[PDB]
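First, one chain by itself: the form deposited in one PDB entry, in structure tokens.
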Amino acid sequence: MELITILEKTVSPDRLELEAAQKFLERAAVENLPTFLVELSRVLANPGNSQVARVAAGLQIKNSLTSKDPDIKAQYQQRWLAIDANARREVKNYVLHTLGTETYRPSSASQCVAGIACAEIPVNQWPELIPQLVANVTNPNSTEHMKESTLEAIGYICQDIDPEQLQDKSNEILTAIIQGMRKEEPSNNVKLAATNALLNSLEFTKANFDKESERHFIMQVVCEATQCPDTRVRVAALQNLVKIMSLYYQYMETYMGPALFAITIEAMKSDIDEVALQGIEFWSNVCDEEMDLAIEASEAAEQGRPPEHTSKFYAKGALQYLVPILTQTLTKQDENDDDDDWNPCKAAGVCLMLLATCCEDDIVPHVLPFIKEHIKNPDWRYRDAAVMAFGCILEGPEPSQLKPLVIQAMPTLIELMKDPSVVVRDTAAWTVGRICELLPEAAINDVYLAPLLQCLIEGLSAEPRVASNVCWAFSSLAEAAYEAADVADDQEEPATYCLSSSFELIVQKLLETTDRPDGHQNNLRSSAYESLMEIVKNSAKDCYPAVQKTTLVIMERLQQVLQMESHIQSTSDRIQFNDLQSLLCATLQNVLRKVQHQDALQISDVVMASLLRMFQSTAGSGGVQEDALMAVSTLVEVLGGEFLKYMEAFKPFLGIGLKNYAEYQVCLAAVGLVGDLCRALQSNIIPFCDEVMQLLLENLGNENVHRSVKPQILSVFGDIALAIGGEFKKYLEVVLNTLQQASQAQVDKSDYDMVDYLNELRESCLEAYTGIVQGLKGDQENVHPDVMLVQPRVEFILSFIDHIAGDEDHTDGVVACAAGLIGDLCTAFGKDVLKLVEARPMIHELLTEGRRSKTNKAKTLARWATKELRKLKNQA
């Protein structure tokens, strides 16, 4: 057939016709990709072809260059780079020449340019791209479509390529973008595109923002764009202001007073939701930036030095004007509430909580008057806003300042629990929950505890919207009650606590709430179960009766599930069924850690089977598997060596969990389970080690696996060594090499997503060495024979730790584990290790740092390691 004719068939609302066409395309690509790519571009580049065929042609190209799977994307990029440079050129010309020739709105060529550029640019393989787009945008004779398309393309490029590689082209790119954003531009569409392209490009414009000439130019075009009549440009320009505020807070003092304040404040007052949200976001963001800076200042203070950056306290200064604006917006609720919708009302509430944690006590005098004037207002919108505002300012101000205001407010709050408006009852429940969480003394009172409990117990029967918050209120009330009781009981758990008198009533009600037919609304069922878990955990000893009765109830429902593959009709049925599965396991995880080691033995067998079958049949949904495995860990923890009885039948499931690797959390649970099995079974886990070790090594040698699994595996290696000791010599060589390779790892000292990941892969290595060292050293007398096997690796371990002392990244977690290693090394090799440590200076300062640190464990271990090294000197 004719390629164009096939492309048009890809839009047929006929399953077979689509399949026929799709398969034709897939095999043309397989046979000769370079030629296929060429012929499609020719189609896309021709205006004479139908809209349909062109768009289809662009789709086939994009899908040949990019993907959602980073692994598949990389594969397609190199596959494309491998193509004859003469072939690629043709496609690049056709694709670039298409810009402006499309009548179709969302440009199909745009995506292709980006798809190709993402591969070429990082290797200067397409030097004609940028100059062309710039030319397209700047040219005073360029059409509207020409401009829009190109801007779209620039936007895709900035959104898809690593900012690290456009950093040198930021110059020309900004020129094209800003030109498109200028006020004098006829088309609002061009403006929209340029402004969205700007948002995507800020990450790599640091160098430009550093030049006041260019900075001012950018800030003016953007502020000017927030004044554009087309609401779409308004909103996008506002978004740019939010991101700029994050990235370049330090340069903002020049523009805050003179313009940003007015612009953002005016936006919050807009009646256009889209706009109001952007203005509210701007300030919530300022609050976040300033709270971080407050942490930086507080931290620098303890290190006896000035912070690298300093806040300008914009929120504190805008406080007077934001609060009246924010509280009035709380008045804009949507009676018909959709709890998945983000509107100005919800945003104002959150902004208020942020300002409160940011400006602490300063906010109270600005918010109380609105709360006082409206707490008794007949209009529910205002009554509700007043309780919300009250609940929003409970965190941040000094408790000593709030307690009294909260005590004097209880009577009205209790009354509000019975307000006729559902909206109002919903908020009042949340507010009670927040008092129980932040200012508990006001709730655990001999005056209000009783009427509060009756209100909360009745609330569990109310509409989902209300009962949900009531569940959470109860969970936090239970915590505060537990704490106030065991403050000083001279032993483990408290004898009693104020919730004892009605502990059974509460648990009975939560269980009822758990089976409400409308439990799917407002995550009611989940909350009811999560609340029950917290109530059981945080219970007094004299509540153990109801806890036993409750545990029997949990097991019963546990089986009702296994035999519930019947009702599962619609797809949503398989999902909500899964949820229940998790809740029950999670609720199990909780009871098991609360039951007498004797009680848990009668339940063990019956449950192990329940967790056994729940895994086999239910292969779909890893969330269940994750809680099922976590439940198993919980059981293993209780039973102990006794668990051995099942290991034989659970082996396959343990493996599966480790093989998965596609659902990192199911695998992280498996690995986590392996480790518990070690602390439980001990040497008795020797027979199952070959399997696990084989599986663990495979997981590591499979770069496709989520990076968050590697450190967990490395960590568990140290535990397995401790569990089997000498029998580990069997894997030593492999593991140390693995540990050796991981320890040399290193990312960019800028990407904090990695800077915190490296300190996770580092701690795991230190914890792996520590385990290995301890495992081979036996248990008592002088350094045992085995550890000598590691003696030759001693040098790097110290080097690794030495380099760690260098990078001022660290983490009191890494410092502590390293300190513990230095120590164990002194106890494993002796005098030797001393000559190697005084060689690497950075280790001395690290131990010094540990001695300081407000992390007791970081101190203890750094103090201990120092003592050990000191003993080697004064030894021989």
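For the two forms, the rigid core is made up of the largest set of C-alpha atoms that agree within 1.5 Å on superposition. Residue positions are given as counts along the sequence shown, with the first one as 1.
Beyond what is shown, the protein has a form deposited in another entry; the following relates to that form.
Here the rigid core is superposed between the shown form and the other one, and of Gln712, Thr357, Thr550, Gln239 the C-alpha of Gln712 is the only one to shift by 2 Å or more. Superposed on the core, the two forms barely differ at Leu65: its CA moves less than 2 Å between the shown form and the other one. Core-aligned CA deviation for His567 between the shown form and the other one: 2 Å or greater. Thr98 shows a C-alpha shift below 2 Å between the shown form and the other one [criterion: core-superposed Cα displacement of 2 Å]. Relative to what is shown, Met754 and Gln77 are closer in that other deposited form; their C-alpha atoms differ in spacing by at least 3 Å.
Relative to the displayed conformation, the Cα-Cα distance from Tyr752 to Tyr251 grows by 3 Å or more in that other deposited form.
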